[PDB]
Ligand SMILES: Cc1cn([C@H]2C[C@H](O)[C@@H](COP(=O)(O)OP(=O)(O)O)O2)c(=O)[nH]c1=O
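Quick setup: one chain, the form deposited without ligand TYD, written in structure tokens, and binding and motion questions come after.
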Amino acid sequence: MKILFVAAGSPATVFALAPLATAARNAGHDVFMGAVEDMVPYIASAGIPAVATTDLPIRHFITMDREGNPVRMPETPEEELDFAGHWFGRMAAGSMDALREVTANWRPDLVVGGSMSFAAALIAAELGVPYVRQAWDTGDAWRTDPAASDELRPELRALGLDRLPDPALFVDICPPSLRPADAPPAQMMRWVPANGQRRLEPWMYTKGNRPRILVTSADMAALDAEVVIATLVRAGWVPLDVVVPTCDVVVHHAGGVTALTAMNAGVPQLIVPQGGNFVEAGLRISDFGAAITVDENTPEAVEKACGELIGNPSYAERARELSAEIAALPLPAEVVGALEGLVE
């Protein structure tokens, strides 16, 4: 069958969907993935045929309303949820022209969207084909829905709907221990780490004598550890999937799929705020005991936390528990059958 995957505005939204997309391709399905123009190279880097859904970047939808007037960044966790619902809603509305033109020439039998790829729900409803929602991180997929519903009121009304439609299938990659008490039924799936590739250097897969700390996007100068900085004491391009398993600490902001890659490898995490706000997903990992949550702008806080994550085995113990949970989940190749069941 033809399956259209719909990612969003950032590389993690592409890679969240890559394992299922590639599994579907490997089962003989014809698979396209769409995202904003800036993300098309990221889709291509996963080896998946790539289409653009808008020629505007995520910043355009984040920083301005539909009329082009500037909108401020959110300041609280509650504002975060609401503001994100709106920007993802704007991006979705802005994606419809290109999705219509693509699907007029290559008509999918099934549409798969990430957590807040709301254009996937809309185009699926327009075509009358089933819509699958895949969680693109361990955060609650539905958490921005009320605001997104309000943003998309006009588009939803044109389809005869009062709110965002329920998916035909919800596919969840969150380990059971981290799923909220109010989580809906889901087809579970093991997310297998994936990211773009270049050429591996020996250090990427060979750990030295000292503890290895990966920072994704001075402190650490007294730890006597090997620090690797993953950018655009070694710096530069770092394939997370290959390098994370060699690490003892991963330092990130719980945006994207980095937390999942760390948990999958049983590696303790140090989680800093994203903007001025800790991400809810990251707090739940911290609560479980597989990470430490820390404000970087307190001097020595990061240094102290790294020391704790390296010297106290319990964090790694909890990380390996999460790793075990992930490994027990249905494979992407298995989940392809659930997709097939929706159209036959």
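If you superpose the two forms and keep the largest set of C-alpha atoms that fall within 1.5 Å, you have the rigid core. Start at 1 and count along the sequence shown; that's the residue number.
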query: Gap size, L178 back to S177 (deposited sequence, no coordinates); finding: none
query: Continuity check for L232 and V233, given as deposited residues lacking coordinates between them; finding: 10 or more
query: Stretch with the higher entry mean CA B-factor, where the candidates are 68-76 and 105-113; finding: 68-76
query: Of 205-213 and 82-90, the one with larger mean CA B-factor; finding: 205-213
query: Most elevated Cα B-factor in the entry, residues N26, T298, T63, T54; finding: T298
query: Residue with highest C-alpha B-factor in the PDB entry, from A125, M188, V227, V244; finding: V227
query: Third of chain Cα B-factors occupied by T144; finding: middle
query: Relative C-alpha B-factor of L309, binned into the chain's lowest, middle or highest third; finding: highest
query: Ranked against its chain, the third holding the CA B-factor of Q274; finding: highest
query: Ranked against its chain, the third holding the CA B-factor of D97; finding: middle
query: Where the record places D172 (Cα B-factor, split into thirds across the chain); finding: lowest
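Separately, the form solved in complex with ligand TYD exists; it is not shown, and the next lines address it.
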property	result
Residue contact check: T76 to ligand TYD in the deposited complex, 4.5 Å heavy atom	no
Partner proximity in the deposited complex: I271 to ligand TYD, non-hydrogen atom cutoff 4.5 Å	no
Close approach of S177 to ligand TYD in the deposited complex, 4.5 Å, heavy atom	no
is_contact(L110, ligand TYD) in the deposited complex, heavy atom dist at most 4.5 Å	no
Candidate spot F15, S217 and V238, all three touching ligand TYD in the deposited complex (heavy atom, 4.5 Å)	yes
Among the candidates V257, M189, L164, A124, the residue which, in the deposited complex, approaches ligand TYD to within 4.5 Å (heavy atoms)	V257
Heavy atom within 4.5 Å of ligand TYD in the deposited complex - residue from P245, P130, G196, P211	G196
Contact segment among 151-159, 180-188, 92-100, 257-265, judged by heavy atoms lying within 4.5 Å of ligand TYD in the deposited complex	257-265
Core-fitted Cα difference of 2 Å or more between the shown form and the other one, single residue among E296, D30, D287, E37	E296
Core-aligned C-alpha movement of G276 between the shown form and the other one reaching 2 Å	yes
Direction of C-alpha distance change in the deposited complex, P299 to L240 (at least 3 Å)	closer
Shift in CA distance, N277 and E303, in the deposited complex relative to the form shown here, given it is 3 Å or more	farther
